[PDB]
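J.: Could you work out the structure for the sequence below:
(chains A and B, ligands or ions: 2)
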There are 2 protein chains.
Amino acid sequence: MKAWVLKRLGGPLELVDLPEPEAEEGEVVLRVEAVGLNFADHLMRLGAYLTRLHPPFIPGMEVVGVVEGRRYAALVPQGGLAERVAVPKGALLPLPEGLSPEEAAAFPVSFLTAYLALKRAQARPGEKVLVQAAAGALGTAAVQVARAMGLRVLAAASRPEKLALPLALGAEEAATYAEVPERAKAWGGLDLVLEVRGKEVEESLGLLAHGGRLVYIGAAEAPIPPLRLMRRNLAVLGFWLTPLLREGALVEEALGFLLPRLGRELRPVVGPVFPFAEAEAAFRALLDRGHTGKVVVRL
Amino acid sequence: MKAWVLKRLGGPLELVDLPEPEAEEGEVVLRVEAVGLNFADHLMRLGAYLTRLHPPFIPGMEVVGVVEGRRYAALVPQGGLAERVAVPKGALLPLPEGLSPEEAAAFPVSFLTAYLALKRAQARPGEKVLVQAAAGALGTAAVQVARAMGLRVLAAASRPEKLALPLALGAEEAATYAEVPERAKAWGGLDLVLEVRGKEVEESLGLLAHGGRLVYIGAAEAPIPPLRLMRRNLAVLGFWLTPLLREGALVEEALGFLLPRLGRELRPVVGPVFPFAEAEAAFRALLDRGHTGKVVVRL
Ligand SMILES: NC(=O)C1=CN([C@@H]2O[C@H](COP(=O)(O)OP(=O)(O)OC[C@H]3O[C@@H](n4cnc5c(N)ncnc54)[C@H](OP(=O)(O)O)[C@@H]3O)[C@@H](O)[C@H]2O)C=CC1
Ligand SMILES: NC(=O)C1=CN([C@@H]2O[C@H](COP(=O)(O)OP(=O)(O)OC[C@H]3O[C@@H](n4cnc5c(N)ncnc54)[C@H](OP(=O)(O)O)[C@@H]3O)[C@@H](O)[C@H]2O)C=CC1
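T.: Numbers count the residues shown, from 1 in each chain, chains lettered A, B, ... in the order given. Ligands and ions are numbered 1, 2, ... in the order given. Structure data below:
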């Protein structure tokens, strides 16, 4: 089978021929159709992700493919950008009939992250939540899931032209980063903040209302002075999806809320779609702050 | 006052100084803040609109400005691209508090057109409607209004990258023109079609289910063989907003449904916003098939 391999951190991807995957007991080999790219994939190539993968390896953790006729979505540690991948049957996500490969590849990571982050921050119906990078994969998902949980969503992005999408998905208001503080004052403070920037975390805590909680989801772009936290009984939550995945209960509850809605109230925003042969281009797209939606590679 | 004048059809706009408008009994002079541009404005410059305006004149029919403190939206025959305009008090649209000038300028024409076109075609809750140019001013409005009336919306645009917005506003499915027929077959035919293209009208009637009606809203891009109509009891409706405006009952009913929702379930999509001095650039934007949303000039 053909597959892209990363032989050295910081190096280039090499499209090579490899042996067909072997399925151990409890596993199935699925024929890959689409792979959704994540910022984590980028951090992994540089050797900067929370989990340090040892080269050589096959990039891609979010796959969508076919198993004896049925199409699935699954999160694998690696081996995504290949024609075939072995997957523990118990990790397979069922999909609604018709759901496209491109739309399925933009679901797992973004929606599970959005839901778990809000659940962990105990988001209650009615609360105000600020979603940053609101026009991206994780952002566009969060907006929908937040609306599905009945929260008021204040969307933020780095460019004015990216604000229309979030506003269309349900954001009550939308603003560029420079204008967030003002919208924050008008809203009377935020109950929740999904931090994917990381550079202005302190400035973020200043937007929180009493008992507000900031979920630290990423530092894609600094300390947090424990004291500003006390005055308003604020909370900061570090967050990383991977570990959570190994918790049946959580996963179950999460899917119990997401799957029934997948394709209905929750629709993943597909962004740039690249052919298998343009994997490097797709990776670059991840870094293009002009793009919106999920970057997807189609086989 | 400063104002842009069109002295010759097909000619350029000239930014000139003119006398302050005079308010006759029943009128008010409002201080313009934003003017929304329409395709009709473009057709008028070339002398191709249903209503033939005689030069010289001031382009702009959709204004938003202030009157003794209160901000309004109003449809005037001309005089939009000027610092001030006289308007019959009875034509003034009230706006929800806070509604931005740019967002108010994208409401009147698009939403009234979308609503009246659907009402005239007797769109009933549950029916399937195909909205073309679904990522533009008239398109993005129609999608929302259709959803507000409970219809299933199949959105169509000329480019793949424009489909995300419509899908986000509520479109059940979205497709590029070339792929419409197929989606049409899967849906089992369309009950309604808002035709803004005009070039493929025949091909459009073939997408209609029994008793379906096609609303002819524009020919922005050919005859309609009366016989294909009979076999399925289809209907074709010519449509032009202007005349309708002179009908209190209609206008009243229309606003009675739109205003309460303006800013809530109905949010105008603001697109390219140009400064007063770039009026010509804004006009060009109207013709750029890359743009999405309402073209707006801000004073
Ligand atoms: N903790 C976890 O387990 C998880 C964390 N994430 C985090 O999501 C973020 C990106 O996710 P995906 O990659 O899913 O995202 P998206 O598609 O959201 O892309 C990232 C977006 O982040 C915003 N951003 C702000 N600053 C930068 C910057 N300096 N460089 C690049 N992007 C920037 C940009 O939007 P704009 O232009 O509007 O600012 C950009 O489009 C990362 O921080 C990633 O680590 C995602 C899943 C799980
Ligand atoms: N009958 C009436 O009284 C009214 C008619 N209209 C009609 O709406 C249409 C445009 O409205 P506004 O101007 O409000 O629209 P938008 O912002 O919708 O712009 C027009 C859109 O129409 C689509 N289109 C298809 N072919 C062309 C073409 N050859 N040239 C330019 N655009 C094209 C394009 O979208 P894409 O790239 O996705 O194809 C484009 O963005 C016109 O046909 C206008 O006459 C509007 C209000 C009232």
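J.: ok, the nearest residue to residue A:262 once chain neighbours are set aside to residue A:263 distance?
T.: Sequence neighbours aside, residue A:96 is the residue nearest to residue A:262 in space, at 5.8 Å (criterion: CB to CB, 6 or more residues apart in numbering or on different chains). Just so you know, the C-beta spots here come from the backbone N, C-alpha and C atoms, and that holds for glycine as well. Between residue A:96 and residue A:263 the distance is 4 Å, computed by CB to CB, to the nearest Å.
J.: and these two? which has more neighbours close in?
T.: Neighbours around residue A:96 and residue A:263, counted as other CB atoms under 10 Å in any protein chain shown, are more numerous at residue A:263. The numbers are 18 against 13.
J.: Not counting residues beside it along the chain, what's closest to the residue of the stretch 151-299 of chain A at minimum distance from ligand 1?
T.: In the stretch 151-299 of chain A, no residue comes nearer to ligand 1 than residue A:218, which is 2.5 Å away by CB to the nearest ligand atom. Ranked by CB to CB, 6+ apart and with sequence neighbours excluded, the top spatial neighbour of residue A:218 is residue A:196, at 4.3 Å.
J.: Surely the residue of the stretch 151-299 of chain A closest to ligand 1 and residue A:39 touch.
T.: Yes. Residue A:218 lies in contact with residue A:39 (CB atoms under 8 Å); the separation is 6.9 Å.
J.: Tell me, how many residues neighbour the residue in the stretch 101-250 of chain A positioned nearest to chain B?
T.: Nearest to chain B, among the residues of the stretch 101-250 of chain A, is residue A:168, at 3.8 Å (CB to the nearest CB). For residue A:168, the number of neighbouring residues by other CB under 10 Å comes to 23.
J.: Packing partners of the host helix or strand of it?
T.: Taking DSSP states H and E as the criterion, the element that holds residue A:168 is helix A:164-169. Under the contact criterion of 3 or more CB pairs under 8 Å, 6 or more residues apart in numbering or on different chains; DSSP states H and E, helix A:164-169 touches helix A:137-148, strand A:152-157, strand A:173-176, helix B:164-169.
J.: Name whatever forms a beta bridge with residue A:14.
T.: When assigned by DSSP bridges, residue A:14 has beta-bridge partners residue A:5.
J.: Now do the same contact list for it.
T.: For residue A:14, the residues meeting the contact criterion (CB atoms under 8 Å, 6 or more residues apart in numbering or on different chains) are A:4, A:5, A:6, A:7.
J.: same thing with residue A:196?
T.: Residue A:196 is in contact with A:132, A:133, A:138, A:139, A:217, A:218, A:220, counting by CB under 8 Å, 6+ apart.
J.: Please give the number of neighbouring residues around residue A:90.
T.: 10.
J.: I'd guess it is in a strand, am I close?
T.: No. Looking at residue A:90 with DSSP: H, G, I helix; E, B strand; the rest coil, it is helix, so not inside a strand.
J.: now the closest residue to it other than its chain neighbours: how far from ligand 1?
T.: Setting aside the residues directly before and after it, residue A:90 is nearest to residue A:26 in space (CB to CB, 6+ apart), at 7.2 Å. When CB to the nearest ligand atom, to the nearest Å is applied, the distance between residue A:26 and ligand 1 equals 26 Å.
J.: Can you read off the backbone torsions of residue A:26?
T.: Per-residue torsions, residue A:26: phi 80, psi 0 (degrees, to the nearest 10).
J.: Return the set of buried residues in stretch A:122-136.
T.: Within stretch A:122-136, the residues scored as buried using 16 or more other CB atoms under 10 Å in any protein chain shown are A:123, A:127, A:128, A:129, A:130, A:131, A:132, A:133, A:134, A:135, A:136.
J.: wait, doesn't the third one sit right on residue A:152?
T.: It refers to residue A:128. Yes. Contact criterion CB under 8 Å: residue A:128 and residue A:152 qualify, at 4.7 Å.
J.: Next to ligand 1, which bits of the stretch 1-150 of chain A? Give me the list.
T.: Taking CB under 6 Å from any ligand atom as the test, the list of the stretch 1-150 of chain A residues beside ligand 1 reads A:38, A:39, A:40, A:109, A:113, A:133, A:135, A:136, A:137, A:138, A:139.
J.: Residue of the stretch 51-200 of chain A closest to ligand 1, please.
T.: The shortest separation between the stretch 51-200 of chain A and ligand 1 is 2.2 Å, found at residue A:136 (distances taken as CB to the nearest ligand atom).
J.: wouldn't that residue be in contact with residue A:289 here?
T.: No. Shown here, residue A:136 and residue A:289 do not form a contact pair, counting by CB under 8 Å, at 9.1 Å.
J.: how does chain A divide into domains?
T.: Structural domains annotated on chain A: A:2-109+A:268-299, A:110-267, as defined by curated CATH domains.
J.: Kindly check the end-to-end length of the first one for me.
T.: By that I understand domain A:2-109+A:268-299. Terminal residues of domain A:2-109+A:268-299 lie 11 Å apart, using CA to CA, to the nearest Å.
J.: same question, the longest one
T.: The stretch domain A:110-267 measures 11 Å between its terminal residues, going by CA to CA.
J.: For that domain, what is the distance to the chain centroid?
T.: Relative to its chain's centre, domain A:110-267 lies at 12 Å (CA atoms, centre = their mean, to the nearest Å).
J.: Also the first one?
T.: Here domain A:2-109+A:268-299 is found 13 Å from its chain centre; the criterion is CA atoms, centre = their mean.
J.: Now the residue nearest the centre of chain A. Nearest residue, chain neighbours left out?
T.: Against the mean C-alpha coordinate of chain A, by CA atoms, centre = their mean, the closest residue is residue A:110 at 2.9 Å. The shortest distance from residue A:110 to any residue other than its chain neighbours is 3.7 Å, reached at residue A:141 (CB to CB, 6+ apart).
J.: Now do the same contact list for the one you found.
T.: Going by CB under 8 Å, 6+ apart, the list of residues near residue A:141 reads A:106, A:107, A:110, A:111, A:113, A:114, A:266, A:268, A:269.
J.: Just the buried positions in stretch A:264-279, please.
T.: By 16+ other CB under 10 Å, the buried positions in stretch A:264-279 come out as A:266, A:267, A:268, A:269, A:270, A:271, A:272, A:273, A:274, A:276, A:279.
J.: Help me confirm that the second one comes into contact with residue B:169.
T.: Read that as residue A:267. No. Assessed by CB under 8 Å, residue A:267 is found out of contact with residue B:169, at 11.3 Å.
J.: before we move on, the earlier item: inside helices: which ones of the buried residues of stretch A:122-136?
T.: With helices identified by DSSP state H, none of the entries of the buried residues of stretch A:122-136 belong to them.
J.: Need those in CSV (columns: distance to chain B).
T.: Written out in CSV, the entries for those read as follows (distance: CB to the nearest CB, whole Å):
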residue, distance to chain B
A:123, 21
A:127, 19
A:128, 16
A:129, 18
A:130, 19
A:131, 14
A:132, 18
A:133, 16
A:134, 12
A:135, 10
A:136, 12
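J.: In strands, which of those appear?
T.: Filtering the buried residues of stretch A:122-136 for membership in strands, criterion DSSP state E, returns A:128, A:129, A:130, A:131.
J.: what residues does chain A put near chain B?
T.: A:140, A:164, A:165, A:167, A:168, A:169, A:267, A:269, A:270, A:271, A:292, A:293 (CB under 8 Å from any CB of the partner chain).
J.: How many neighbouring residues does the first one have?
T.: Residue A:140 has 31 neighbouring residues, counting by other CB under 10 Å.
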